[PDB]
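Understanding the architecture of this molecule
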Amino acid sequence: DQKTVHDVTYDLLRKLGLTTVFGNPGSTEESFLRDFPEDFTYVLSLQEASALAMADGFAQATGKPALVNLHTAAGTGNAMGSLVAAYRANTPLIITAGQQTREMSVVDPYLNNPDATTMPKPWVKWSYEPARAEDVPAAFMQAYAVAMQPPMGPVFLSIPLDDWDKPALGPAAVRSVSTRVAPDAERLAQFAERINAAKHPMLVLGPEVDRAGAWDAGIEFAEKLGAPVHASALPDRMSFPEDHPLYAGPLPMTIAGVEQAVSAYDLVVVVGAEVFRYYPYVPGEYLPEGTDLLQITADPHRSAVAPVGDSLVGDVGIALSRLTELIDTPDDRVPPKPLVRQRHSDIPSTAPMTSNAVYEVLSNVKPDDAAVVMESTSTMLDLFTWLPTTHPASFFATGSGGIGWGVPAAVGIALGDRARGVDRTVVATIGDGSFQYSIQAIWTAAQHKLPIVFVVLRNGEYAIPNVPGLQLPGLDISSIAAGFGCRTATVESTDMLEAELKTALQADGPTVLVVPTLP
Amino acid sequence: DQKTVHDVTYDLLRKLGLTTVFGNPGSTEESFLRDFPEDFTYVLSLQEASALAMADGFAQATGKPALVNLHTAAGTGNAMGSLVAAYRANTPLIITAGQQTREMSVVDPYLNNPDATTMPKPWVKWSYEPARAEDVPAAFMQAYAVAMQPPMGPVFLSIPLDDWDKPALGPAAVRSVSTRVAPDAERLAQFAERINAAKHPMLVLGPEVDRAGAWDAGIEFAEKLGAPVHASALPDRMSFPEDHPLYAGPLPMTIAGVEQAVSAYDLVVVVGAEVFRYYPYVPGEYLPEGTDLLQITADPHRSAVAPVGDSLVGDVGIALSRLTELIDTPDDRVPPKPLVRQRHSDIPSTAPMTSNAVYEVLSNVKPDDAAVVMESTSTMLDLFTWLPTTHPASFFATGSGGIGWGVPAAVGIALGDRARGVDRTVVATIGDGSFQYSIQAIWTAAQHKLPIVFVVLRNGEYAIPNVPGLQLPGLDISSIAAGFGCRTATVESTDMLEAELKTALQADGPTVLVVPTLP
Amino acid sequence: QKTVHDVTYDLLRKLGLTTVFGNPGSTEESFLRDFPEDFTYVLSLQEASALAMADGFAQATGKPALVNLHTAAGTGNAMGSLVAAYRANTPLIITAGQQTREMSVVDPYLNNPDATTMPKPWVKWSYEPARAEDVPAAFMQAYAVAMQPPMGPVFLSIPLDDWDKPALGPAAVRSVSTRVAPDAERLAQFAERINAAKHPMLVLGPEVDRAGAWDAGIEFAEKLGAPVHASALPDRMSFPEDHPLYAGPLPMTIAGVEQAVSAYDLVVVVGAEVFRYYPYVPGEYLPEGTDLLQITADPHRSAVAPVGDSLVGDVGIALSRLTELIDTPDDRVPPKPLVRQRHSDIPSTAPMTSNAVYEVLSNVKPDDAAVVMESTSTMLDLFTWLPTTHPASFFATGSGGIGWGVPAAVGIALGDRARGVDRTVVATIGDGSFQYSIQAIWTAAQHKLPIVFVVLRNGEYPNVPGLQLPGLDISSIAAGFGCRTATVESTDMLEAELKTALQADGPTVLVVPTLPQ
Ligand SMILES: [Mg+2]
Ligand SMILES: [Mg+2]
Ligand SMILES: [Mg+2]
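Residues numbered from 1 in each chain as written, not as in the entry; some residues may be left out. Chains lettered and ligands numbered in written order. Part of a larger assembly, values for the part shown. Heavy atoms only, no water.

Per the deposited record, X-ray crystallography is how this structure was determined, to a resolution of 2.200 Å.

Shown next, in the form of structure tokens:
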């Protein structure tokens with residue numbers, strides 16, 4: 001009748017709010033999952049890359065940590081790609097895996113996970129296997145503490161399967177931690193003074209802003225400062241309304257490009273974005289002479305690696321509210337030149353159509369409060385042109401740039417919306433290559449009847465001389481989708497796209513719309 | 001006109017025989033894959049877990065190392081589960097990933113893979129990123145050297161994308177290494193003396209024997225010794241003919257079970273198997289009093305972790321041939337009690353049928369020289385009963401116990417058979433849960449028109465109190481298979497199974513046969 | 001025309017990293033070549049001493065310091081000191097030479113393969129640049145990582161051919177946050193919880209002194225009016241031990257601390273671990289009815305706490321702000337000042353008790369001296385006779401590992417001299433501890449540092465082997481390394497030799513025969 005480690009750990013998890021587990025069960029996790037409490041929810045994915053990316057989307061949508069459970073070394077390993085994405089997104093995930101029993105692990109038995117704590121390195125804030133069964137509950141509290149303290153991120157706990165049935169020491173202590181630190185006030189005041197002195201400042205608001213819930217504070221600061229506001233290149237979140245008069249669009253993604261974009265300004269203020277998220281290499285100066293840079297981030301790693309600038313560490317939400325109070329109202333600052341999207345319509349059109357046609361049709365039917373998930377690199381321009389983000393927490397893309405994230409993340413986001421009482425649709429625009437990586441995640445969408453519309457752009461190739469492995473012939477994506485239980489159609493025209501979109505928006509459960517598009 | 005690192009590295013790869021690359025291409029790998037030589041082959045998989053497991057099967061079937069190419073941290077991470085399997089199988093894989101350019105990596109740009117060498121740890125023999133572009137070719141030679149020296153295993157090389165276009169130092173030196181070491185002759189002679197002295201010896205021949213090409217040598221030794229011959233529990237390879245009069249079947253998979261199985265013997269000789277591959281925990285003595293143990297393995301890690309016994313390190317093929325010469329012909333050794341399979345027939349039967357029905361139908365139609373790939377844990381007894389392995393290199397299962405291996409490994413094995421000029425069919429029996437993990441691999445089978453028959457046992461659940469996540473409703477596996485380009489049928493009876501099997505064996509290209517079976 | 005070497009030293013000068021501690025070897029030659037005239041190289045005879053000396057120098061100056069070590073071998077020799085620097089949150093930039101990129105692929109002699117793994121898990125960051133041209137930016141990055149809170153050591157491995165390559169241009173000079181502030185809203189909740197307490201108790205730990213928050217701590221403590229404990233096993237002391245609210249160090253066991261807090265309804269832990277336990281004696285971490293708040297600059301220390309609600313933030317900022325936030329408590333009947341049981345063993349002949357030794361010390365110790373302590377067995381005597389009354393005036397090993405105090409004392413004195421603080425360092429070191437890093441006293445002699453090493457000689461560190469230290473003439477060893485020395489025969493002679501040592505130029509080693517205990 002004594003409480004076991006299992007009893008008191010689930011009791012702690014409930015108090016912490018960790019009542020949803022994403023995973024794929026195996027033998028080494030049976031003692032953990034056995035007698036799963038009735039008020040907890042287990043979300044099954046067919047493959048671990050999907051489980052962890054789903055948890056990532058869930059955690060991001062709920063603004064709360066999520067628990068993942070993986071099958072020893074094999075399952076942990078399958079999730080390592082999604083782990084990089086979660087780590088780059090600063091998502092508070094508690095990743096657990098079963099481990100062989102302490103009674104046999106010394107002989108390295110079948111499905112042992114030797115040196116388990118090394119495996120997820122270097123992509124976790126913390127990796128741990130308790131020295132004894134009795135500390136499993138405190139280890140969970142600690143995992144939550146590490147994950148949730150800034151900057152947030154995933155952690156790993158390996159638990160020998162025999163631990164769970166051991167007598168507990170007693171109830172687990174329930175702790176709470178700082179999820180924010182504030183900027184040093186004296187340094188923040190120094191930054192404000194430098195900002196007041198600028199003649200031609202520019203403001204960059206990156207993904208940390210939306211993740212801090214600081215959308216409104218960013219707007220209030222941006223409007224007082226009166227400067228043009230850029231977003232991050234290659235954003236995994238969007239943190240400032242893209243229809244705002246001050247919006248100047250995403251930064252370029254190269255050194256030379258950013259150099260040229262900032263050369264008009266005497267000061268760049270970067271809040272919640274890296275300095276800078278560069279992708280392809282085009283040589284230049286990180287910062288052109290005559291342009292100074294300030295950086296504000298909650299992640300000391302991001303200020304540490306910055307090639308240039310003066311930085312400070314602090315929650316970006318606190319920083320923005322405070323900066324608003326500290327800066328002067330500029331004297332007659334000249335309104336930035338409005339951002340103009342080169343829109344032209346390719347509607348109507350028959351399949352195969354341009355990606356430009358596809359995104360315009362989407363913008364005509366997309367509900368105003370829908371969330372957009374993006375995983376189609378060849379079509380970023382189309383998303384920018386036709387689907388501006390105008391609400392907080394309504395745009396998501398891979399934290400790392402690795403694909404196979406958006407499909408399971410969409411399932412996680414919709415599960416998250418349902419848990420937090422938000423009624424909206426998730427629209428995911430995914431390339432056909434990207435769609436294949438974690439295609440099995442759509443089964444979970446169908447199983448939970450999630451309002452997700454997956455719009456798959458089928459052009460028969462990957463989004464990239466004589467390079468092998470780019471072509472994707474011989475895929476009937478509708479059959480696969482139907483096979484996994486999703487509603488589906490292959491669209492023949494912009495009219496059919498529009499009509500199927502309207503039907504999908506009203507359906508119970510997810511739909512996969514396959515849209516043939518041009519290469 | 002000067003040779004680049006790219007020129008001379010592919011020249012070296014060709015000389016080494018590394019002319020097939022398994023992977024999934026990305027931006028950070030473009031400079032590697034560009035101008036891919038015409039006589040090389042690129043095998044595309046839709047997801048990295050599949051790419052690496054496919055390479056694993058290819059390498060095992062060809063008896064030669066294979067090259068894998070993965071997309072920076074994201075792609076490396078997606079493959080980590082299959083990496084554990086390859087590492088546990090001692091498969092010589094050279095795993096490479098692209099890395100961000102040396103011109104920008106210091107600022108941790110998008111898709112950088114910081115501390116890349118730590119990531120695949122602890123599941124590689126060696127992990128390396130060259131200190132300069134010019135050493136890339138020597139680093140490949142070294143990767144091959146480490147992978148190929150005993151015990152074989154996978155290695156990891158991370159290559160900054162800018163390296164490939166740098167001027168080479170000159171042609172790369174071509175080296176060759178030992179792929180075997182021999183047992184210390186004086187210690188092996190000591191072991192032979194101990195064997196001569198046994199009154200009731202037993203012999204265990206594990207997966208290293210088949211991987212060493214030592215099938216015949218194992219038979220010759222086993223026949224001279226006259227002892228019963230067990231196989232490994234949970235075998236990833238089978239190394240001794242299962243229809244042999246001396247065959248006593250696989251060992252049990254628990255401590256108590258093995259204890260009881262070996263207690264009749266005064267000496268257990270374990271060649272090329274772990275001591276012992278235990279799975280579930282049932283307490284006992286590793287070795288009962290009165291029973292001694294000798295262990296011979298090419299992997300010092302396996303002798304190091306053994307709880308009991310005297311061991312020696314050496315190639316198992318060399319050891320077996322030599323032991324044959326060293327041991328006495330036993331005087332009138334009593335023939336072991338024959339192994340009797342509890343066969344009873346459930347043919348004919350309508351769907352859903354017993355797994356016993358399914359495997360008997362398979363045994364009636366399976367070509368004698370077919371390879372079997374196994375990934376259906378709830379049906380190991382059926383495989384044992386109806387599909388004995390009677391040829392070398394004709395049985396394969398996951399190295400680690402992690403599922404999602406057999407489907408892509410089957411594709412790799414068939415590609416391997418085609419490369420090495422062996423004409424045979426691969427029959428893969430896969431559970432429905434297992435089939436989902438790396439389901440996209442079947443697209444590669446269809447793209448290369450491989451003679452693979454995937455027999456999927458659909459019982460609606462995973463092969464395992466109150467445990468969540470075991471049920472798999474709402475999957476139409478035929479639609480998915482057809483969607484990926486494979487021939488397919490859903491069988492309704494043993495008659496239909498037999499007929500579809502015969503049709504599949506004659507088809508060009510793979511077939512997925514979905515067989516409804518009982519829970 | 002400018003090389004990587006040129007622009008890196010230029011950047012280091014601008015960062016203030018102008019003193020280098022180490023012992024140079026072949027693989028460092030290219031780094032140290034043409035060492036600029038305005039930089040200072042402090043040589044130690046062994047690497048453990050070099051890093052611990054850099055630790056003390058950085059703690060004393062309140063600035064980062066650079067350490068340069070000889071490839072795998074030299075880095076390895078310093079790993080024990082690295083643990084101490086890492087536990088103390090000292091911002092040290094540790095560099096080591098590496099074999100040339102031209103050869104390292106063949107694993108040549110003195111190569112350091114997988115260099116970045118070696119100092120793990122005891123650095124915040126470990127790195128070997130992907131190319132020569134990134135070396136200057138790597139140094140800026142190392143500074144950034146070490147200096148951002150919580151501070152700590154980092155490791156850079158530099159292939160020896162990198163230094164002579166052409167630089168890309170001047171290195172960008174960046175500045176970073178060295179503090180974050182508490183979340184104001186969370187701090188305000190903590191303040192409310194403090195106001196609601198009937199009988200709170202305050203713990204002030206080593207972070208407070210490292211943040212220069214001695215005054216803020218006094219101000220807050222005096223307004224709250226609660227008893228004030230210090231950390232067990234302190235590496236710094238942050239609150240005057242002659243203050244009327246001072247209750248002494250916490251016990252060092254679970255059962256002990258459980259008992260110590262049981263009178264209080266709320267424990268407020270600022271800049272101390274929760275809690276620094278050493279021997280195991282079982283209990284509950286907190287008794288029922290006692291709650292705990294924890295404020296630390298190190299997220300690791302809040303993460304591992306077994307109990308409590310915590311927040312992360314600079315402890316100086318938190319203290320100053322808490323003072324403004326809490327109520328003025330009413331009806332103050334103040335806790336009575338701590339009464340130490342003091343009974344003299346003076347005068348006395350050697351071998352004397354440590355009780356005698358410390359009282360003699362208290363009689364002659366300059367009021368503004370720094371104490372460096374490494375004698376676990378005599379902590380009670382230090383508490384009894386040598387209370388810490390000024391900020392930044394007590395130092396002991398960050399980790400618990402011995403061999404730290406001697407080199408640290410050398411670095412502290414060099415740091416005082418660098419920052420223009422005129423004071424004496426008094427180090428009280430057991431005779432076993434004095435041996436680990438005894439070569440460090442050579443650097444003290446070489447730089448003529450005002451350090452008085454008081455070595456408590458009792459011939460030991462049961463039944464456990466390896467505890468006996470016979471056949472050591474420490475006085476002759478010290479003189480051999482160039483230090484003034486004396487073996488004292490009585491309290492009178494101890495006192496006399498102390499006065500001479502405090503007046504002498506350069507360090508003195510006083511060997512004091514003490515009774516075992
Ligand atoms: Mg495409
Ligand atoms: Mg099944
Ligand atoms: Mg002593």
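Bringing the interface of chain B and chain A into the picture now. Contact residues are listed per partner, giving 85 residues for chain B and 85 residues for chain A. Here chain B meets chain A over a buried area of about 6900 Å², counting both sides, of which 61% is carbon and sulfur. Counting across the interface, chain B meets chain A through four salt bridges. In this structure, the salt-bridge partner of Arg88(B) is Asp108(A), at a minimum N-O distance of 2.6 Å. The interface formed by chain B and chain A holds 34 residue pairs in polar contact in total. Looking at the side of chain B that touches chain A element by element, the count peaks at five residues for helix α5 (residues 80–88) of chain B. Partitioned by chemical class, the residues of the side of chain B that touches chain A number 44 nonpolar, 29 polar and twelve charged. (Contact = heavy atoms within 4.5 Å. Buried area = accessible area lost by both parts, 1.4 Å probe. Salt bridge = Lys/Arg side-chain N within 4 Å of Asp/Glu carboxyl O. Polar contact = N/O pair within 3.5 Å; in protein donor to acceptor, adjacent residues only side chain to side chain. Helix = DSSP H or I, 4+ residues; strand = E, 2+ residues; numbered from the N terminus. Nonpolar A, V, L, I, M, F, W, Y, C, P; charged D, E, K, R; others polar.)

What follows is about the coordination of the magnesium ion (ligand 1). Six octahedrally arranged donors around a metal ideally form angles of 90 or 180 degrees; four tetrahedrally arranged donors ideally form angles of 109.5 degrees. All names here are of chain A. Distances from the magnesium ion (ligand 1) to its protein donors, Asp 432 (OD), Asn 459 (OD1) and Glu 461 (O), fall within 2.2 to 2.3 Å. Each donor residue of the magnesium ion (ligand 1) lies on the same chain, and together they follow the pattern D-x26-N-x1-E. On the criterion of sequence distance, the pair formed by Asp 432 in helix α16 (residues 432–437) and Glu 461 in the loop between β17 (452–458) and α18 (477–483) is long-range, its members being 29 residues apart. (Donors = N, O, S within 2.8 Å, 3.2 Å for Na, K, Ca; no water.)

A few words now on the nonpolar core. Among the nonpolar cores identified, the biggest contains 197 residues, and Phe454(A) and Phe454(B) are the most heavily contacted of them. What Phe454(A) contacts, discounting residues up to four positions off in sequence, is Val407(A), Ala410(A), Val411(A), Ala428(A), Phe435(A), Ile442(A), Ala445(A), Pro510(A), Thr511(A), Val512(A) and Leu513(A). In this structure, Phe21(C), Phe57(C), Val406(C) and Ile441(C) belong to the second largest nonpolar core, which totals 52 residues. (Core = buried A, V, L, I, M, F, W, Y, C linked by side-chain atoms within 4.5 Å. Buried < 20%, exposed > 50% of the residue type's maximum accessible area, 1.4 Å probe, protein only.)

This next bit is on the packing of helix α3 (residues 48–62) of chain A against helix α5 (residues 80–88) of chain A. Each pair of packed helices can be summarised by the angle the axes make with each other and by the distance between the axes. Residue and element names in this part refer to chain A. It is the contact of α3 with α5, at a shortest axis distance of 8 Å, that shows an interaxial angle of 15°. The orientation of α3 relative to α5 falls into the category roughly parallel. Remark: the crossing between α3 and α5 carries left-handed chirality. Side by side, α3 and α5 meet where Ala 49, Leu 52, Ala 53 and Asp 56 of the first sit next to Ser 82, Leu 83, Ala 85 and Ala 86 of the second. Of the residues contributing to the contact of α3 with α5, the split by class is six nonpolar, one polar and one charged. (Axes fitted to C-alpha atoms, helices over the stretch in contact; angles between N-to-C directions. Parallel < 35°, antiparallel > 145°, perpendicular 65-115°, else oblique. Left-handed = near helix turned anticlockwise from the far one by under 90°.)

As a further point, take the interface of chain C and chain A. Taken together, the contact between chain C and chain A spans 28 residues of the former and 28 residues of the latter. Overall, the association of chain C and chain A removes approximately 2400 Å² of surface from exposure, summing both partners, and the carbon and sulfur fraction of that is 41%. The tally of links between chain C and chain A comes to four salt bridges. Linking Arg179(C) and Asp184(A) is a salt bridge whose minimum nitrogen-to-oxygen distance equals 2.9 Å. Summed over the shared surface of chain C and chain A, the result is 23 residue pairs in polar contact. Of all the secondary-structure elements, those providing two or more residues to the side of chain C that touches chain A are α6 (135–147), β7 (180–182), α7 (184–196), α11 (299–304) and β13 (309–312) of chain C.

Inspection of the secondary structure puts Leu33(A) in helix α2 (residues 30–33). Residue classification places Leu33(A) among the buried positions, given a relative accessible area of 0%. Separated by 131 residues in the primary sequence, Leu33(A) and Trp164(A) have C-alpha atoms spaced 9.7 Å apart. Filtering out sequence-adjacent residues up to four positions away, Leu33(A) remains in contact with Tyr10(A), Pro25(A), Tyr42(A), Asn69(A), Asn466(B), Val467(B) and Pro468(B).

Attention now moves to the domain arrangement of chain A. All names here are of chain A. Taken as a whole, chain A is organised into domain 1 (1–177), domain 2 (178–340) and domain 3 (341–519). Between the C-alpha centres of domain 1 and domain 3 the distance comes to 31 Å. Opposite the 20 residues of domain 1 that make contact, domain 3 presents 22 residues. Taken together, both faces of the contact between domain 1 and domain 3 bury some 1600 Å²; the carbon and sulfur share is 73%. Of all residues in domain 1, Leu 46, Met 54 and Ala 61 give up the largest surface area on contact with domain 3, accounting jointly for 31% of the area buried on that side. Linking domain 1 with domain 3 are zero salt bridges, by the criterion used here. For the side of domain 1 that touches domain 3, the secondary-structure elements that each account for two or more residues are β2 (41–44), α3 and α5. In terms of residue count, the dominant contributor to the side of domain 1 that touches domain 3 is α3 (ten residues). Here the residues of the side of domain 1 that touches domain 3 sort into twelve nonpolar, six polar and two charged. (Domains from an automatic or database assignment.)

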